[PDB]
Amino acid sequence: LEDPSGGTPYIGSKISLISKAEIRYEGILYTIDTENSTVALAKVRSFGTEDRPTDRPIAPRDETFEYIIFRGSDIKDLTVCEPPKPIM
């Protein structure tokens, strides 16, 4: 007996994360560290900052980062794109 959400692994799925700076980052779930309330995403890129006006000007960048770490404290919201499929 197992829960439906548990049946589907979060790692390997596409996720979108919104940070405290009102910037939207997209990447793939690489590793989850529950013990330290931290998540590591690989192959991640930032869509833009101008979409959410801030007091700190940010220059445009079209480069992708291999590895970036975010902590639950700084993160504002987390949404998954791939939903879990029925299991039996």
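At-a-glance table
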quantity	calculated
Residue list for the range 45-63, filter: β-branched (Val, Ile, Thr) and closer than 18 Å to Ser16 by Cβ	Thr49
When residues of the range 10-36 are limited to those that are under 16 Å from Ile68 (Cβ atoms) and of a type in the set (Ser, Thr, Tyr), the one surrounded by the most Cβ atoms within 10 Å (Cβ to Cβ)	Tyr25
Qualifying residues in the range 38-70 (those that are surrounded by 11 or more Cβ atoms within 10 Å (Cβ to Cβ) and basic (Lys, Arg)) - the one nearest to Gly6 (Cα to Cα)	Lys43
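Each value in this text was obtained by applying a stated rule to the coordinates, not by laboratory testing. Cβ sites come from the backbone with ideal geometry, for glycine too, and all protein chains shown count toward neighbours.
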